[PDB]
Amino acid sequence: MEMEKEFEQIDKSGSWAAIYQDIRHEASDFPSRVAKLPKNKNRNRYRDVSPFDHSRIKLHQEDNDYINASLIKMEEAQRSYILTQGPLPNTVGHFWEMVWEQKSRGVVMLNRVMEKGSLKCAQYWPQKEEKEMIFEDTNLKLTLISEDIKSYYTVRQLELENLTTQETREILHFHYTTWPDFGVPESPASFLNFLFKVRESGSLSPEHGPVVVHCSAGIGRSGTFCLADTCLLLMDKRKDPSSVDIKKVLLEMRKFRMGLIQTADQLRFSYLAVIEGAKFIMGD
């Protein structure tokens, strides 16, 4: 059923909470035993948000391979994403180890470091060119190369150096800075513009490792970003765009990480973004 008509029928009937609860009830349940080991308690931001064992990203080291991060692999769309929590004071070195080992080109950040007067993630990148960061636990160096500040987002060029081999790579940091402290944006126009900028960079393309996407827990805003991207790509690839079922795509992505899309308002915003996005992917 054309999703724009499904949209107006849920709005007129006011049934967003009922649709959202049906997704919660049908969602996959897989074990997360590595996440719950006592040695990993200070590697998790939230006790109720864990990566499944089958899809978790492993760090390349014998001591402790654990990070709160999942590989979302979308077979028909031919896109992969890593979804992760905002880094903690003791996991900033793990975070950059993962970017290095997975060959990622881009990091997508959808939160501010402080929101609602509390810290939502560590200051994990350098703010000044001449003040680089060294992560001694994982043997990496990170330098700010340039910064472009726009009204709705900031793009940064970073240099990551593996101090063991003296190899360097360029990482692009895409920082969406205007998601409101409460609720969802009124219009999806700036979020879609932002997604279009990440795509244009090459960060989502198969010649690179998967993009790393985070917010505070790495399930809500992060879920909205990957769901909108995958839905718009499937509308481009298929003979009948109207066959793309956003609820079925979200349940497929929930096989790989729990809890993606945290509220009925986030679900409605995802529909809104895909609908308005479709009006240009179909030729405009």
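In this text, residue numbers run from 1 along the sequence as written.
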query	finding
Stretch exceeding the other in mean C-alpha B-factor - 184 to 192, 89 to 97	184 to 192
Residue range whose averaged C-alpha B-factor is higher in the record, 1 to 9 or 274 to 282	1 to 9
Among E159, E115, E167, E130 - the residue whose C-alpha B-factor is largest in the record	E167
Out of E252, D240, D53, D229, residue topping the C-alpha B-factor column of the entry	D240
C215 by Cα B-factor - lowest, middle or highest third of the modelled chain	lowest
Record-listed C-alpha B factor of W125: chain third	lowest
Within-chain third of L234 by Cα B-factor, per the entry	middle
Modelled-residue ranking by C-alpha temperature factor, third containing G259	lowest
Within-chain third of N42 by Cα B-factor, per the entry	highest
